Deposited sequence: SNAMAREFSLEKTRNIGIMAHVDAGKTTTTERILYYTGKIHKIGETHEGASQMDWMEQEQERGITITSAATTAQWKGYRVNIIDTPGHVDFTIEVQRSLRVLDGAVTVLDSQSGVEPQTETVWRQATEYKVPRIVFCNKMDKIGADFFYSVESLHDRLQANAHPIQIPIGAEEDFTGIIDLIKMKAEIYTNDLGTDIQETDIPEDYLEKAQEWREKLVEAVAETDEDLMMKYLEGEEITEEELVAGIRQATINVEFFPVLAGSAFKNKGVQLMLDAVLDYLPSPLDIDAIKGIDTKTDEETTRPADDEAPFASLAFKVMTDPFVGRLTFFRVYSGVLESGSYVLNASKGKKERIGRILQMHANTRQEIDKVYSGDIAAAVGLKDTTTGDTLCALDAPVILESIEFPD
């Protein structure tokens, strides 16, 4: 009947992580924290503090084919996970450059801060040296290796101290005195780096004016969405340290569907290029990204809606196959449940029951406003 979560309050994300960086644990913990109400699902519908969060599956190994490019068009932003002991590795770099080519904003989670050899600053520096990435810490860890016990928020200049490995009984305190100057130092570097991404901010910073928290957070957000800045966080997913903070950063800095360039397509009627921006009033257009065989409802086809709205029990056009398709039931797969819905809006992800001739990469769109979307980048 009504759109539950607005476009502004939607986050379509992927987790970019090599198997050594702890992809599965991080994903499992994210699904746990965002699922409050082995088969890995193509996309999980979830929530975090009033925002819709859709976690989209991505490969744990380097993909040099076309399949990688497709998932990058479905997700809007990503969390890149690093093994704090190793920093950026060759495989990590390739994945990072692909994501930059396809303009995917990212926050970086330096995982395994409790492992022997874990070095947050080394990991941060490797982003600059090996990728020329404009990465800046928005946190500094309290301790390292078995002494890793907390995380300092550079924005608020407060600290979280963990008392267990469950993610409960978190003590919110002031920064310990032995880390205050170091925190001040890294916060100054952060302010300076953010100021360098915005002319109006740099003018104020150079003139010595006070940059507010709201202005600093907004600056980080805009630069991150522009793929010209990468906030760096720390934690241990397996020991439930820094997970909630990282999820907060997804909301704070990663893009909503309105923050991304509108998807391009070919209008088959005029034979010219067009776009399908996130607009519930515009004609329906979507991309299928995974075909699943579910052991309950049967053939499920996952899709991402870019424009318009789709009602369950309707007819749409598979513009890639050149034929009309019936959309029966529509489901959204949660971590612990499966919800049936009668309408999917722009920017959301869902799964249609029993679609006959639809495969990954196909455009599903309005019968009256046909378009072929750019799943694979158009030739030139």
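K.L.:
How would you list, in order, the spans of the deposited sequence that the model does not cover?
P.N.:
1-3, 41-64 are the stretches of the deposited chain that have no C-alpha coordinates in the structure.
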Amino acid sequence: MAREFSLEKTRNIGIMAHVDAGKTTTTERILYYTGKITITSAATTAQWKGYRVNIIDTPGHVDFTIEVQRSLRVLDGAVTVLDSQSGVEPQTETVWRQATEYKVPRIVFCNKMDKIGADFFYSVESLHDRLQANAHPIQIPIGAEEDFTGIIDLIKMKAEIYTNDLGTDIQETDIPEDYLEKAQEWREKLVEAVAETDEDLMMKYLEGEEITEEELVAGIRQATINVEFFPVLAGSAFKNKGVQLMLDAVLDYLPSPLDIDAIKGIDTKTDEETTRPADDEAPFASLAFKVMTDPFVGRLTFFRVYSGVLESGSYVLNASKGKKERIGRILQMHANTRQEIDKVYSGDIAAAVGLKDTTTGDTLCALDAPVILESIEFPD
From here on, numbers count along this sequence of modelled residues.
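K.L.:
Out of 87-95 and 176-184, which stretch has the higher average CA B-factor listed in the record?
P.N.:
Of 176-184 and 87-95, the stretch with the higher C-alpha B-factor average is 176-184.
K.L.:
313-321 versus 336-344: which one carries the higher mean Cα B factor per the record?
P.N.:
Per the PDB entry, the higher value belongs to 336-344.
K.L.:
When you compare the CA B-factors of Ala133, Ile211, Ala278, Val250 as listed in the entry, which one comes out on top?
P.N.:
Comparing C-alpha B-factors across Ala133, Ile211, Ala278, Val250, the top value belongs to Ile211.
K.L.:
Highest CA temperature factor in the entry: which of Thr168, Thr274, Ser236, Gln222?
P.N.:
The listed residue with the largest C-alpha B-factor is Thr168.
K.L.:
Consider only the C-alpha atoms of the modelled residues in this chain, order them by B-factor as the entry records it, and name the third containing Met1: lowest, middle or highest.
P.N.:
It falls in the top third of the chain.
K.L.:
Going by the CA temperature factor in the PDB record, which third of the chain does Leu127 belong to: lowest, middle or highest?
P.N.:
It belongs to the lowest third of the chain when residues are ordered by C-alpha B-factor.
K.L.:
Please place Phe121 in the lowest, middle or highest third of its chain by C-alpha B factor as given in the entry.
P.N.:
It belongs to the middle third of the chain when residues are ordered by C-alpha B-factor.
K.L.:
Would the CA B-factor of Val53 place it in the lowest, middle or highest third of its chain?
P.N.:
Bottom third by C-alpha B-factor.
K.L.:
Ordered by C-alpha B-factor within the chain, which third holds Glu192? Give me lowest, middle or highest, please.
P.N.:
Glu192: CA B-factor falls in the middle third of its chain.
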